[PDB]
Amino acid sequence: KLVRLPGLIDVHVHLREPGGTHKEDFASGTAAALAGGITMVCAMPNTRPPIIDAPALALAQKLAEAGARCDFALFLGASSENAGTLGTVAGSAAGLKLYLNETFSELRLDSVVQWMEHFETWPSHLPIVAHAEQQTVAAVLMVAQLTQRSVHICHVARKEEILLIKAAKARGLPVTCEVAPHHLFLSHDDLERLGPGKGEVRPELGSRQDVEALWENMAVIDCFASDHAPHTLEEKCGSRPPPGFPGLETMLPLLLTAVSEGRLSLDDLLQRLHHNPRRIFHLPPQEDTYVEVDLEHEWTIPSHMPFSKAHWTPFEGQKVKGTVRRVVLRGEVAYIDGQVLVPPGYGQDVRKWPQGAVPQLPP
């Protein structure tokens, strides 16, 4: 007996096109998404060229329209030069991405004043998300308050961060957050097995206490999102390993395992991979779209999943229970038992749908 789920949404993926297509491209990354029960993705802007201006966004839109197999929205990225220049294209993006710490990214800002400038100039009704670790979470929350708007915190990974956000929510501040599966299912205990190259990720893997704190504070977590960050094994194992884990194909099975163990409910999962992503980012429904999962199937994660060009996974050897059997996207069978059945280009930019524009007051 299969369980029918709505089309799940991952608001944080790196699909590497343009410019890093040996790591992943729209076609392979969205195949990975479908195999993971995800029918809509929001792609980050730290590509080459990075998506920090209108011409780069135009290019990325066309590449995505030609290559994506599931539906998508594309983030714009904040830079040290583009505040006040994105107004005409802002509404066509998933939101604005701020990179506020060192990581795989034309996009660290030099000064909190540049963060302020972005918060002041980006349209007030559109989403802003931030890579903001440790004290940076408090700092960007301060900027959001000074500019009297909301902010969404990407991949919360630490007890420190989730408790800060918890305190902010208790004060009624407009902040939401997401957590990635590696920060729920891996910790320092796994670094011996992974090694120092494979183990590189930002935010870094946390202690057992960090992991336990995220679970204990599940009520504070608005979304799950993979931070799918594919790099090849050669890159991960080489002399300057880039941070990041692939995760689209493993996220839902890991979380289904947790549901089966009573660690969270099916509803808790659906709030975090469907309803809250929709409402935070004003993402439209997908008609005739659903995912069928088998909650009984026990399997062990192999050394690589079938679709991501990363061709490795940090979850190798973990025992999971739950698998994606079928995905239907807008009335077409998109995935069945290991086979993707929609071609590159089937996917659409949801921000171009009438129902996918973010509502705003007449300007």
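All residue numbers are counted from 1 along the displayed sequence.
Asks: At a threshold of one third of the other compared entries, does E17 come out as unmodelled?
Replies: Residue status for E17: gap in at least one third of the other entries.
Asks: Does a third or more of the other compared entries skip modelling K198?
Replies: Yes, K198 lacks coordinates in at least a third of the other compared entries.
Asks: With reference to the PDB entry, specify whether the mean Cα temperature factor is higher for 213-221 or for 256-264.
Replies: It is 256-264.
Asks: What stretch has the higher average Cα B-factor here, 2-10 or 354-362?
Replies: If you average the C-alpha B-factors of 2-10 and of 354-362, the larger mean comes out for 354-362.
Asks: Between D227, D189, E117, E178, where does the Cα B-factor run highest in the record?
Replies: Checking the PDB record, the top C-alpha B-factor among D227, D189, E117, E178 is at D189.
Asks: Among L74, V129, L273, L109, where is the Cα B factor highest in this entry?
Replies: The listed residue with the largest C-alpha B-factor is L109.
Asks: If you rank every modelled residue in this chain by C-alpha B factor, which third holds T85: lowest, middle or highest?
Replies: According to the entry, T85 has a C-alpha B-factor in the chain's highest third.
Asks: Considering every modelled residue of the chain and its Cα B-factor in the PDB entry, is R202 in the lowest, middle or highest third?
Replies: Middle third - that is where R202 ends up once the chain's C-alpha B-factors are sorted.
Asks: Please rank the C-alpha B-factors of the chain's modelled residues and tell me whether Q145 sits in the lowest, middle or highest third.
Replies: Its C-alpha B-factor, which the entry lists for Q145, ranks in the lowest third among residues of this chain.
Asks: Sorting the chain's CA B-factors, does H152 end up in the lowest, middle or highest third?
Replies: CA B-factor rank for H152: lowest third.
Asks: Within this chain's modelled residues, let me know which third the CA B factor of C237 belongs to: lowest, middle or highest.
Replies: CA B-factor rank for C237: highest third.
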